[PDB]
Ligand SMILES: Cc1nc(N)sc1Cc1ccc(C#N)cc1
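Take a look at this single chain in structure tokens; it is the form deposited without the named molecule.
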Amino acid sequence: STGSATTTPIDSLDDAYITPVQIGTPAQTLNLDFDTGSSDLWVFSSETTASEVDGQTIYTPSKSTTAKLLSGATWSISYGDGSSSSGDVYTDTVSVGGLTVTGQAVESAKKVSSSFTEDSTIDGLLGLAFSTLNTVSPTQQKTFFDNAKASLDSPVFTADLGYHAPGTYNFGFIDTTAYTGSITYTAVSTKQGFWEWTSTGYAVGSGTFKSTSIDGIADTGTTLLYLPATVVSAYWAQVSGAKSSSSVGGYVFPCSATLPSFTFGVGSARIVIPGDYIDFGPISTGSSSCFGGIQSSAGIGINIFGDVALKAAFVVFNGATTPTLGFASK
């Protein structure tokens, strides 16, 4: 089997991408944030505290003839940005782009943190990291991909995120028309539960490529590119007037600037992020200070190849017995 679904930016900055997911019988379609940095499929629901729902579409398990309470199971998750959610668990039928999994754990939110309530466009998350990170207790549950894998034509999914435009998540096949050149594959460590890999270096604009190992995660659920402070300083030094602002929370730059590209290495291959992908617009409405899309990871503990990096590539998440990642230009 295969599936193919369009993913759409939630706003004009590409802050996140939403993909329609069918849950239950008859189908209830919710727009979920596919997140290769986490491993829970959780949704706003009829059980979510009413004051914490503000415009999201909810899953109502009592209206699904295939829903079953997973007795005794609870979940609770905290994300790298400080947000969180928790609740109980149903199993139900879940379909993405024509690919159907029966008995998928659907984690129903009883509580969500304010950042979720305040984003009316995201109805939940669909985790695509390794199932060892799933938070369901006392019996850990499998991700949608893990449940689908054996049925897929090939045990892979691909992320093709758009710049200011829709893109595609495919399951079970590699669309050879969706990229240019070849796909370069690179080793993955699953020891932390992430799609963790090592970039071979970077370049700023037309500058020389610096060969250096940068361990990080491929994370579709993180907006920006978070890299070591040395790398980030070298990038922003090429933008006149750019500076790190403690009060704003990162590097800012004059909105009048033209940003240089940023290249990262994948083995001997190179992925070029155009400068425009690194512009996240005014820090507040009407400001001439703009927020940068490349930021320091120093306070995170891990480097993160988020959407800024991934949307410059066609990315293969190869879930074979020994997982690997592939990157192609497009």
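Quick note: we count residues from 1 along the sequence shown, nothing fancier.
Between the stretches 80 to 88 and 134 to 142, it is 80 to 88 that shows the larger average CA temperature factor. Just going by the entry, 111 to 119 versus 154 to 162 on mean CA temperature factor gives the higher value to 111 to 119.
When the C-alpha B-factors of 169, 253, 195, 209 are ranked from the entry, the top spot goes to 209. Of the candidates 274, 293, 301, 281, the one whose C-alpha carries the top B factor in the deposited record is 301. Annotation for residue 98: C-alpha temperature factor in the highest third relative to the rest of the modelled chain, per the entry.
Per the deposited record, the Cα B-factor of residue 16 falls in the middle third when ranked against the other modelled residues of its chain. Among the modelled residues of its chain, residue 319 has a C-alpha B-factor that falls in the highest third according to the deposited record. Remark: residue 41 belongs to the lowest third of its chain, ranked by C-alpha B-factor as recorded. Ranked against the other modelled residues of its chain, the C-alpha B-factor of residue 257 as given in the entry falls in the highest third.
One more form of this protein, solved in complex with the named molecule, exists but is not displayed; see below.
In terms of contact with the named molecule in the deposited complex, the residue from 260, 216, 221, 172 that brings a heavy atom within 4.5 Å is 221. Residue contact check for residue 153: none of its heavy atoms lie within 4.5 Å of the named molecule in the deposited complex. When contacts are judged by a 4.5 Å heavy atom cut-off, residue 310 does not count as touching the named molecule in the deposited complex. With a 4.5 Å cutoff on heavy atoms, residue 209 does not count as touching the named molecule in the deposited complex; it lies far away. The shortest heavy atom separation between residue 86 and the named molecule in the deposited complex exceeds 4.5 Å. In the deposited complex, the residues of 116 to 152 lying within 4.5 Å of the named molecule by at least one heavy atom are, in order, 116, 119, 122, 125.
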